[PDB]
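Take a look at the structure set out below.
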Amino acid sequence: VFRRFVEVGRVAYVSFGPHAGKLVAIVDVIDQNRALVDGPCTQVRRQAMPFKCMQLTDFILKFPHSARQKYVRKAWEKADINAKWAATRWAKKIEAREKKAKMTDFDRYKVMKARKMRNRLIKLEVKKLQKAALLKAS
Amino acid sequence: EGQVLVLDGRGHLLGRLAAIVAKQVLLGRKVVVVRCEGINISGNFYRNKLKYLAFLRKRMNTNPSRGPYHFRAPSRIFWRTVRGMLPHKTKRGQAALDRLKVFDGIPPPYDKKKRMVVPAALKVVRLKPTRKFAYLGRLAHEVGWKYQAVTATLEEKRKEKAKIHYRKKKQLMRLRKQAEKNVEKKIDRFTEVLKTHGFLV
Amino acid sequence: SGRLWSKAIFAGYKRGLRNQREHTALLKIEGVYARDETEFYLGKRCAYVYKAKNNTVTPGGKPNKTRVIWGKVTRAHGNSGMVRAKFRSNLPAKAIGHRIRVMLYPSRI
Amino acid sequence: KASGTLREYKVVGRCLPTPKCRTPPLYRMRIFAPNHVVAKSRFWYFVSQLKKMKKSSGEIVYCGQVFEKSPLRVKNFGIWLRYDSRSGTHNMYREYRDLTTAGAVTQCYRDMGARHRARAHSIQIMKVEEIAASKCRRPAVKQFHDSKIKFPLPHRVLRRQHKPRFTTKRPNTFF
Amino acid sequence: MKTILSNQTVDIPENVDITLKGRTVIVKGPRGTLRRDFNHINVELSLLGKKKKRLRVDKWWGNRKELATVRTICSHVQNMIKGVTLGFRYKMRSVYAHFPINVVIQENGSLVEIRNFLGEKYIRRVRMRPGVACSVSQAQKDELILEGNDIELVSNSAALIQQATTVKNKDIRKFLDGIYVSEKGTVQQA
RNA sequence: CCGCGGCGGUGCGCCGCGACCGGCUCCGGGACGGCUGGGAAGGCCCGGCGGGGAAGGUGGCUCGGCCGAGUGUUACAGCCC
RNA sequence: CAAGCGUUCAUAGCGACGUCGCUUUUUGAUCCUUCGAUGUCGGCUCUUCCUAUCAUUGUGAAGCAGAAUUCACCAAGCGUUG
RNA sequence: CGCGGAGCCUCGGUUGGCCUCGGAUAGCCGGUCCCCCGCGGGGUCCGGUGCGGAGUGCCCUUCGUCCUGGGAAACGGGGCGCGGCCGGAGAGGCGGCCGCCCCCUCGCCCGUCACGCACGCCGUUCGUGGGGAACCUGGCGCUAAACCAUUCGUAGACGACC
Ligand SMILES: [Mg+2]
Ligand SMILES: [Mg+2]
Ligand SMILES: [Mg+2]
Ligand SMILES: [Mg+2]
Ligand SMILES: [Mg+2]
């Protein structure tokens with residue numbers, strides 16, 4: 001059973017291609033592999049764009065089925081995608097990948113350290129929880 | 001990557017896998033394909049049986065003990081298909097095959113190692129869902145294995161065992177997560193520096 | 001105290017099918033599967049390194065058992081992030097599917 | 001003719017003037033091809049069938065793109081077609097639902113390849129024309145065609161099957 | 001041509017309670033419980049009707065030959081519902097010129113034992129499948145009653161004895177003897 | 001002899017660097033011409049003139065908590081085209 | 001393909017006038033190999049393969065009641081004699 | 001078995017990752033208040049994740065040495081430290097879990113000083129007590145069979161075999 005019903009107005013994140021990593025309102029469906037697509041506030045012209053290069057989100061919005069930019073400018077703008085996206089779990093694990101690649105050798109030295117002691121302060125508690133789990137078993 | 005490879009044959013495509021194995025065998029990487037019964041083939045069951053039986057009739061008339069060896073175990077069957085994709089007349093090709101190693105079921109050492117999966121040979125990916133097939137296990141049987149029953153009962157015995165480990169490992173993670181929450185203000189300015197350059201979010 | 005010499009395999013020497021041309025070797029660097037990827041590996045020194053039987057001199061050292069053919073990556077080799085490298089002496093074929101050790105120290109960052 | 005992605009290299013050309021006839025007629029064909037040099041060549045194949053006209057005895061006056069008046073707006077392209085099968089030579093109505101006359105036949109040429117093993121050098125376009133909603137016959141097209149139109153992308157394979165050429169995780173295909 | 005959608009709703013009665021584990025439908029009514037897997041056919045089985053009123057099978061990016069199957073799943077589900085409410089009854093009437101076909105059920109259903117078809121000494125035996133209760137009728141002379149919940153199982157089993165009883169090296173235009181199915185119906189009719 | 005000053009030849013053996021130049025293979029930028037004096041689009045609005053899908057609609061039916069959801073039809077615009 | 005025969009009825013079984021093929025166990029063409037010569041006909045013995053199935057196993061046909069018989073399928077498993 | 005000293009040679013390497021099952025028009029995990037079974041397993045309910053963050057795009061562990069004199073962290077680690085009980089057999093070869101001795105006080109911030117600063121240069125670093133082939137110390141065990149010859153034939157050319 002699916003939950004994402006490629007409508008007139010599924011917001012879709014463009015997995016890849018010339019406009020990778022941008023949201024896009026599917027204005028209207030052309031064919032069995034191509035949509036008429038537009039990302040007003042994410043900077044993507046009304047153009048054709050295939051279902052293979054796009055993945056799609058729980059979000060919908062409500063322009064009708066060949067509305068003309070100004071009207072998908074709104075419906076995006078209120079409803080407010082670019083803030084609601086960024087409270088999602090997408091946006092925060094994207095913009096994490098981002099931040100690892102975007103990481104100087106310094107940063108990485110810090111983490112090496114910060115991890116180590118985290119992973120000890122976490123470990124000593126796990127050891128102590130098994131002590132309490134063994135004394136509970138007694 | 002480096003070190004020894006372990007590939008879990010289930011859900012793969014007999015030759016599609018073997019081409020990928022054989023490339024990396026020739027680049028010096030040690031591969032160990034496991035669980036070859038599970039390995040599966042495009043075309044319907046019989047098709048490939050009929051195609052195997054065609055193999056079995058191919059046989060050196062004037063003496064057969066020289067003639068082609070139609071090994072019956074899936075390990076061996078696959079080996080063959082890998083081998084046909086090596087230049088095995090030559091020294092690097094035989095030196096290659098030695099870097100390969102192939103089992104029916106999943107043995108000592110290799111039960112006890114995490115283990116990988118070639119999506120580009122993986123059946124769910126490479127095939128269409130409305131198409132027919134053989135398991136090299138059942139193929140191997142109807143051609144003259146003796147050991148489909150045994151490698152079943154042993155793998156059921158291994159699965160039951162592995163499940164215990166999976167469940168105990170499951171129980172340690174539940175301790176990790178509860179112990180993060182039971183100590184989250186003397187690691188609350190380390191976890192900070194993790195999530196800032198991406199790690200752990 | 002670690003890599004530096006970054007990990008790579010020597011795959012074949014540049015070849016057609018009923019020919020092969022032993023100047024240029026084909027170098028399969030680890031973690032590089034695209035021709036976009038590979039523009040770092042250009043110009044870098046590399047080394048097929050061995051030991052063999054008789055002792056030989058070692059700069060900053062005593063005479064060791066180790067020797068090296070000592071080369072350089074020229075350019076990329078087809079879509080998949082393979083690289084072509086020509087060493088000073090030609091490579092000895094023994095090395096096919098072994099290590100060679102591509103460095104950083106003619107960096108261009 | 002071959003292909004790439006076609007373009008409307010529209011063209012007009014007179015049969016150059018003799019002493020007897022000084023102002024001979026001009027004729028726009030919607031020649032419909034991959035560049036100029038062929039779309040030039042392709043009116044004259046085409047005109048030489050119709051008129052008594054030829055590369056010696058003529059001139060192209062104007063050749064130039066006609067380039068889409070409505071390329072952000074999806075449209076129901078029909079095409080009174082003609083081809084040459086291995087047997088005979090055959091007329092067709094066919095519908096493509098692209099948003100741009102050229103791209104619409106770009107389809108057609110790729111299907112005549114596939115649905116009939118007809119190569120471009122055998123095909124002839126009589127005329128493309130965009131059609132309204134109604135007056136579409138082909139159920140293939142006649143479905144994309146509604147308002148509350150609805151998909152999932154059911155058994156979505158992974159591509160990037162070589163980024164991780166191997167992995168521990170087996171893929172996924174429900175999304 | 002791929003057809004964007006095809007679907008069908010089965011109207012489930014108030015007696016029964018189907019509950020689908022993903023794709024696998026299980027059905028429990030008065031009579032018993034049945035199960036079946038559509039882990040091949042590949043469709044989307046929703047149970048949309050609240051209280052519990054509709055099975056709806058979708059099909060979705062399907063070309064002609066899978067569109068077929070929408071309706072076939074839809075059937076093996078009705079066919080289950082009729083089985084677990086009413087239950088089926090295939091009757092099969094033995095037929096002859098001469099040697100009386102001499103039937104005798106022999107555990108509960110299970111063994112259907114046939115002496116004398118066409119004077120043959122070999123006593124044909126036939127197993128039923130699990131859940132298929134054969135029984136020799138009354139209110140009629142040469143007539144079996146195969147009761148069961150599952151159509152599939154009940155009609156192999158008819159056919160097993162209908163086919164076990166076949167003549168060889170004759171005119172089967174003339175030699176019209178054996179046991180064969182006369183009436184596919186139900187236990188309870190309503 | 002100490003200069004290793006200035007000139008002319010080299011390198012014992014392994015090497016590394018630099019800057020000109022030839023040929024190449026690449027990679028960043030930035031400025032313009034034309035064109036159906038480009039098509040397309042945007043924004044701002046405005047004042048008009050028409051047609052289709054189809055409603056913040058209405059209505060037959062369904063499903064859910066008047067409202068929300070589904071289908072069906074006339075089509076004006078309080079959507080859009 | 002099909003005009004007929006087959007009491008009737010094309011096609012159970014057949015099937016004209018035509019027409020499309022294989023096959024290399026028939027003979028021809030040909031002259032590519034061999035004339036510093038590859039032992040030239042039959043018989044015996046002995047292997048193995050093919051099917052272009054004569055038997056037998058399992059089948060579908062008949063103008064098959066039985067009996068007996070031809071048409072065909074998988075089929076080359078074991079048979080083919082004095 | 002342990003732990004000792006030289007030296008032919010043959011090479012490949014230059015952190016590890018210690019684990020479910022499988023599905024794919026679906027899965028993952030939590031928690032059960034409740035129910036059944038043998039700390040577990042199965043069930044039902046709800047709550048989370050699901051272009052997956054108890055993510056192989058993954059996790060871990062560190063990588064110039066020690067001084068000493070603060071904070072954060074504090075019983076961690078060791079002595080081929082030493083005995084006993086496990087569990088693991090598919091071709092185990094590995095874990096695991098318990099006493100006692102002695103020794104050490106290490107992850108992260110910081111002060112504070114130090115280590116041949118070899119005067120821009122190469123095979124640097126380890127898996128290394130590698131694999132194998134030759135020889136110098138102690139304790140405990142060890143203590144042949146095979147072939148020939150002969151005989152026999154159960155076998156025969158000789159060979160082979162009983
Ligand atoms: Mg070394
Ligand atoms: Mg008879
Ligand atoms: Mg007649
Ligand atoms: Mg001779
Ligand atoms: Mg035959």
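Residue numbering restarts at 1 for every chain of the structure tokens, chains are lettered A, B, ... in their displayed order, and ligands are numbered from 1 as they appear.
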Practice task
Select residues of chain C: the criterion is any atom within 9 Å of an atom of chain H, counting only C-alpha atoms (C1' of nucleotides); output as a PyMOL selection string.
Solution key: chain C and resi 1-3+47+49-53+58-60+64+66-68+98-99
Using C-alpha atoms, can you export the residues from the last selection as a short mmCIF file (atom, residue, chain, number, x, y, z; two decimals), in the first residue's frame?
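Output file out35.cif follows:
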```cif
data_model
loop_
_atom_site.label_atom_id
_atom_site.label_comp_id
_atom_site.auth_asym_id
_atom_site.auth_seq_id
_atom_site.Cartn_x
_atom_site.Cartn_y
_atom_site.Cartn_z
CA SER C 1 52.50 6.95 10.80
CA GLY C 2 50.04 5.48 8.17
CA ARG C 3 49.13 5.44 4.40
CA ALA C 47 55.80 3.17 -6.65
CA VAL C 49 57.47 -1.64 -4.13
CA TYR C 50 59.12 -4.98 -3.38
CA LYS C 51 61.65 -6.98 -1.60
CA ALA C 52 63.95 -9.28 -3.49
CA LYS C 53 66.68 -11.49 -2.11
CA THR C 58 68.13 2.98 1.18
CA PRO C 59 68.32 6.81 1.42
CA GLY C 60 67.97 7.71 5.05
CA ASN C 64 67.60 -3.05 3.00
CA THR C 66 63.59 -3.56 -0.71
CA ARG C 67 63.45 -2.09 -4.24
CA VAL C 68 60.98 -0.01 -6.24
CA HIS C 98 49.28 -6.54 -6.76
CA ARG C 99 49.87 -3.18 -4.99
#
```
Exercise for the section: Compute the chain H side of the contact with chain A at 10 Å, counting only C-alpha atoms (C1' of nucleotides), and hand it back as JSON, numbers by chain. Expected result: {"H": [25, 26, 39, 49, 51, 53, 55, 57, 60, 61, 62, 73, 76, 107, 108]}
Practice task
In Å, rounded to a single decimal, give me how far atom CA of residue E:177 is from atom CA of residue E:128.
Solution key: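 That distance, rounded to one decimal, is 21.4 Å.
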Exercise for the section: Please identify which residues in chain A DSSP calls alpha helix (DSSP H) from the backbone, and express them as a PyMOL selection string. Expected result: chain A and resi 70-73+81-84+89-93+97-101+105-121+123-137
Exercise for the section: Compute the chain A side of the contact with chain D at 6 Å, counting only C-alpha atoms, and hand it back as a PyMOL selection string. Expected result: chain A and resi 5-7
Next, write the just-selected residues to a file, as a PDB file, in the first residue's frame, keeping N, CA and C atoms as the atom set.
```pdb
ATOM      1  N   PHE A   5       0.941   9.978  -3.531  1.00  0.00           N
ATOM      2  CA  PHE A   5      -0.013   9.830  -4.652  1.00  0.00           C
ATOM      3  C   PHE A   5       0.185  10.905  -5.708  1.00  0.00           C
ATOM      4  N   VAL A   6       1.318  10.759  -6.427  1.00  0.00           N
ATOM      5  CA  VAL A   6       1.784  11.686  -7.491  1.00  0.00           C
ATOM      6  C   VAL A   6       0.611  12.419  -8.099  1.00  0.00           C
ATOM      7  N   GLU A   7       0.309  13.544  -7.482  1.00  0.00           N
ATOM      8  CA  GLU A   7      -0.863  14.292  -7.813  1.00  0.00           C
ATOM      9  C   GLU A   7      -0.433  15.390  -8.752  1.00  0.00           C
TER      10      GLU A   7
END
```
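Applying a distance limit of 12 Å to only C-alpha atoms (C1' of nucleotides), the residues of chain C near chain F read residues 36, 39, 42, 56, 57, 58, 59, 70, 74, 75, 76 and 106 of chain C.
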Output N, CA and C atoms for every residue in that selection, as a PDB file, in the first residue's frame.
```pdb
ATOM      1  N   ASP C  36      35.463  12.052 -13.512  1.00  0.00           N
ATOM      2  CA  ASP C  36      35.394  13.334 -12.781  1.00  0.00           C
ATOM      3  C   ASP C  36      36.245  13.303 -11.519  1.00  0.00           C
ATOM      4  N   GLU C  39      40.918  13.674 -10.994  1.00  0.00           N
ATOM      5  CA  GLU C  39      41.855  14.739 -11.395  1.00  0.00           C
ATOM      6  C   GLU C  39      42.938  15.080 -10.335  1.00  0.00           C
ATOM      7  N   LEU C  42      46.206  12.761 -10.900  1.00  0.00           N
ATOM      8  CA  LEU C  42      47.066  13.206 -11.972  1.00  0.00           C
ATOM      9  C   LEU C  42      48.322  13.848 -11.433  1.00  0.00           C
ATOM     10  N   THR C  56      69.900  -3.938  -0.943  1.00  0.00           N
ATOM     11  CA  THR C  56      70.076  -2.723  -1.733  1.00  0.00           C
ATOM     12  C   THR C  56      69.962  -1.474  -0.880  1.00  0.00           C
ATOM     13  N   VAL C  57      70.692  -0.435  -1.280  1.00  0.00           N
ATOM     14  CA  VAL C  57      70.767   0.820  -0.520  1.00  0.00           C
ATOM     15  C   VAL C  57      69.407   1.474  -0.305  1.00  0.00           C
ATOM     16  N   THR C  58      69.348   2.292   0.743  1.00  0.00           N
ATOM     17  CA  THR C  58      68.126   2.977   1.176  1.00  0.00           C
ATOM     18  C   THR C  58      68.484   4.365   1.732  1.00  0.00           C
ATOM     19  N   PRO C  59      68.169   5.432   0.978  1.00  0.00           N
ATOM     20  CA  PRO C  59      68.319   6.807   1.416  1.00  0.00           C
ATOM     21  C   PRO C  59      67.640   7.036   2.749  1.00  0.00           C
ATOM     22  N   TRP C  70      59.547   3.250  -9.945  1.00  0.00           N
ATOM     23  CA  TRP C  70      59.327   4.519  -9.353  1.00  0.00           C
ATOM     24  C   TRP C  70      58.782   5.315 -10.513  1.00  0.00           C
ATOM     25  N   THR C  74      50.069   9.689 -15.412  1.00  0.00           N
ATOM     26  CA  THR C  74      49.927  10.653 -16.520  1.00  0.00           C
ATOM     27  C   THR C  74      48.522  11.203 -16.621  1.00  0.00           C
ATOM     28  N   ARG C  75      47.549  10.306 -16.790  1.00  0.00           N
ATOM     29  CA  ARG C  75      46.161  10.709 -17.028  1.00  0.00           C
ATOM     30  C   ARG C  75      45.151   9.615 -16.774  1.00  0.00           C
ATOM     31  N   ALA C  76      43.885  10.013 -16.790  1.00  0.00           N
ATOM     32  CA  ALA C  76      42.769   9.115 -16.528  1.00  0.00           C
ATOM     33  C   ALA C  76      42.558   8.140 -17.665  1.00  0.00           C
ATOM     34  N   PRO C 106      53.589  15.134  -4.872  1.00  0.00           N
ATOM     35  CA  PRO C 106      53.570  16.254  -5.811  1.00  0.00           C
ATOM     36  C   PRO C 106      52.161  16.766  -5.865  1.00  0.00           C
TER      37      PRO C 106
END
```
Exercise for the section: Could you list the residues in chain F lying within 12 Å of chain E, using only C-alpha atoms (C1' of nucleotides), and format the result as an NGL selection string? Expected result: :F and (62-64 or 70)
Write out, as a PDB file, in the first residue's frame, the residues just selected, with N, CA and C atoms (P, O5', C5', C4', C3', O3' and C1' of nucleotides).
```pdb
ATOM      1  P     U F  62     -26.163   6.024  -0.582  1.00  0.00           P
ATOM      2  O5'   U F  62     -24.572   5.930  -0.522  1.00  0.00           O
ATOM      3  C5'   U F  62     -23.889   4.723  -0.913  1.00  0.00           C
ATOM      4  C4'   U F  62     -22.384   4.900  -0.916  1.00  0.00           C
ATOM      5  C3'   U F  62     -21.699   4.907   0.439  1.00  0.00           C
ATOM      6  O3'   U F  62     -21.639   3.621   1.058  1.00  0.00           O
ATOM      7  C1'   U F  62     -20.685   6.526  -0.980  1.00  0.00           C
ATOM      8  P     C F  63     -21.582   3.491   2.664  1.00  0.00           P
ATOM      9  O5'   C F  63     -20.240   4.257   3.044  1.00  0.00           O
ATOM     10  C5'   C F  63     -18.969   3.640   2.796  1.00  0.00           C
ATOM     11  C4'   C F  63     -17.836   4.524   3.256  1.00  0.00           C
ATOM     12  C3'   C F  63     -17.872   5.007   4.693  1.00  0.00           C
ATOM     13  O3'   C F  63     -17.629   4.034   5.703  1.00  0.00           O
ATOM     14  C1'   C F  63     -17.084   6.740   3.300  1.00  0.00           C
ATOM     15  P     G F  64     -18.115   4.319   7.206  1.00  0.00           P
ATOM     16  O5'   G F  64     -17.356   5.671   7.590  1.00  0.00           O
ATOM     17  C5'   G F  64     -16.146   5.613   8.371  1.00  0.00           C
ATOM     18  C4'   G F  64     -15.431   6.947   8.478  1.00  0.00           C
ATOM     19  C3'   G F  64     -15.874   7.909   9.567  1.00  0.00           C
ATOM     20  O3'   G F  64     -15.636   7.501  10.914  1.00  0.00           O
ATOM     21  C1'   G F  64     -15.404   9.143   7.638  1.00  0.00           C
ATOM     22  P     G F  70     -11.601  13.967  -2.088  1.00  0.00           P
ATOM     23  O5'   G F  70     -12.480  12.691  -2.457  1.00  0.00           O
ATOM     24  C5'   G F  70     -11.846  11.408  -2.584  1.00  0.00           C
ATOM     25  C4'   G F  70     -12.836  10.327  -2.948  1.00  0.00           C
ATOM     26  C3'   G F  70     -13.587  10.476  -4.260  1.00  0.00           C
ATOM     27  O3'   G F  70     -12.796  10.408  -5.455  1.00  0.00           O
ATOM     28  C1'   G F  70     -15.095   9.729  -2.627  1.00  0.00           C
TER      29        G F  70
END
```
Handout entry: Residues flagged strand (DSSP E) by DSSP in stretch 15-165 of chain D, as a ChimeraX atom specification
Key = /D:15,58-66,76-84,89-92,95-96,124-131
Could you write out that same residue set with N, CA and C atoms as a compact mmCIF listing (two decimals), in the first residue's frame?
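So out_22.txt came out as:
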```
# COMPACT_ATOMS: atom_id res chain seq x y z
N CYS D 15 11.34 27.63 -57.58
CA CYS D 15 12.05 27.08 -58.74
C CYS D 15 12.62 28.24 -59.55
N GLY D 58 16.46 25.09 -58.66
CA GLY D 58 15.79 25.79 -57.57
C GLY D 58 16.66 26.74 -56.78
N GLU D 59 16.09 27.22 -55.68
CA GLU D 59 16.85 27.84 -54.58
C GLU D 59 16.05 27.73 -53.31
N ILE D 60 16.72 27.46 -52.19
CA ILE D 60 16.10 27.73 -50.92
C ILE D 60 16.16 29.22 -50.77
N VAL D 61 15.04 29.79 -50.36
CA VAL D 61 15.00 31.20 -50.06
C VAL D 61 15.31 31.39 -48.59
N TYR D 62 14.44 30.83 -47.76
CA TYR D 62 14.50 30.95 -46.33
C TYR D 62 14.49 29.54 -45.79
N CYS D 63 15.45 29.24 -44.94
CA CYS D 63 15.39 28.10 -44.05
C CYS D 63 15.67 28.61 -42.66
N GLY D 64 14.90 28.13 -41.70
CA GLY D 64 15.04 28.60 -40.34
C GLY D 64 14.13 27.87 -39.39
N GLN D 65 14.50 27.91 -38.12
CA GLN D 65 13.80 27.19 -37.08
C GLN D 65 12.43 27.79 -36.98
N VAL D 66 11.42 26.96 -36.80
CA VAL D 66 10.22 27.45 -36.14
C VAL D 66 10.19 26.74 -34.80
N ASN D 76 -1.56 17.71 -27.29
CA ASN D 76 -2.02 16.36 -27.74
C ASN D 76 -1.75 16.11 -29.25
N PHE D 77 -0.46 15.89 -29.56
CA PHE D 77 0.10 15.93 -30.96
C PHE D 77 -0.31 14.75 -31.79
N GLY D 78 -1.08 15.05 -32.82
CA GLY D 78 -1.48 14.07 -33.80
C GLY D 78 -0.66 14.25 -35.04
N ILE D 79 -0.68 13.25 -35.92
CA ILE D 79 0.30 13.19 -37.00
C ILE D 79 -0.12 12.29 -38.22
N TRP D 80 -0.72 12.88 -39.28
CA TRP D 80 -1.22 12.11 -40.50
C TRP D 80 0.21 11.74 -41.03
N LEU D 81 0.51 10.43 -40.94
CA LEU D 81 1.85 9.81 -41.13
C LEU D 81 1.82 9.01 -42.41
N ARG D 82 3.00 8.62 -42.88
CA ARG D 82 3.14 7.65 -43.96
C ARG D 82 4.45 6.96 -43.79
N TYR D 83 4.50 5.65 -44.00
CA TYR D 83 5.77 4.97 -43.93
C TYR D 83 5.95 3.95 -45.02
N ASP D 84 7.06 3.22 -44.95
CA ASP D 84 7.32 2.13 -45.86
C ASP D 84 7.69 0.87 -45.05
N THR D 89 3.49 0.20 -48.13
CA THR D 89 3.72 1.56 -47.64
C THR D 89 2.41 2.08 -47.07
N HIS D 90 2.44 2.55 -45.82
CA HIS D 90 1.26 2.55 -44.96
C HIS D 90 1.03 3.86 -44.21
N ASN D 91 -0.23 4.33 -44.20
CA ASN D 91 -0.62 5.61 -43.53
C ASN D 91 -1.02 5.42 -42.07
N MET D 92 -0.74 6.40 -41.19
CA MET D 92 -1.13 6.29 -39.76
C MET D 92 -1.57 7.60 -39.12
N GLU D 95 -0.80 9.45 -31.80
CA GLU D 95 -0.79 10.52 -30.78
C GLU D 95 0.38 10.45 -29.83
N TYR D 96 1.07 11.57 -29.62
CA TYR D 96 2.10 11.67 -28.57
C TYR D 96 1.65 12.84 -27.74
N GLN D 124 7.68 9.26 -43.58
CA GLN D 124 7.27 10.55 -44.08
C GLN D 124 6.18 11.10 -43.19
N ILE D 125 6.37 12.32 -42.73
CA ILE D 125 5.37 13.00 -41.94
C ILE D 125 4.51 13.76 -42.93
N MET D 126 3.19 13.51 -42.93
CA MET D 126 2.28 14.29 -43.79
C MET D 126 2.09 15.61 -43.11
N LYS D 127 1.71 15.55 -41.83
CA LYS D 127 1.49 16.74 -41.05
C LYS D 127 1.15 16.47 -39.61
N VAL D 128 1.83 17.22 -38.74
CA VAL D 128 1.56 17.23 -37.33
C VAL D 128 0.55 18.32 -37.12
N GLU D 129 -0.23 18.16 -36.07
CA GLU D 129 -1.16 19.18 -35.66
C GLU D 129 -1.52 18.88 -34.22
N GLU D 130 -1.51 19.91 -33.37
CA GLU D 130 -1.92 19.72 -31.98
C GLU D 130 -3.42 19.57 -31.96
N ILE D 131 -3.91 18.75 -31.05
CA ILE D 131 -5.33 18.50 -30.96
C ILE D 131 -5.81 18.90 -29.56
```
Practice task
Just the residues within 8 Å of stretch 16-23 of chain G, please, counting only C-alpha atoms (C1' of nucleotides), with nothing from its chain fewer than 3 positions along; format it as a list in words.
Solution key: residues 1, 3 and 4 of chain G
Handout entry: Selection as a VMD selection string: residues within 12 Å of ligand 5 by only C-alpha atoms (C1' of nucleotides) and all ligand atoms
Key = chain G and resid 50 to 53 72 to 76
Exercise for the section: Check which residues fall inside 9 Å of ligand 2 when counting only C-alpha atoms (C1' of nucleotides) and all ligand atoms, and print them as a list in words. Expected result: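 Selection of residues at most 9 Å from ligand 2: residues 169, 170 and 171 of chain E; 64, 65, 66, 67, 68 and 69 of chain G.
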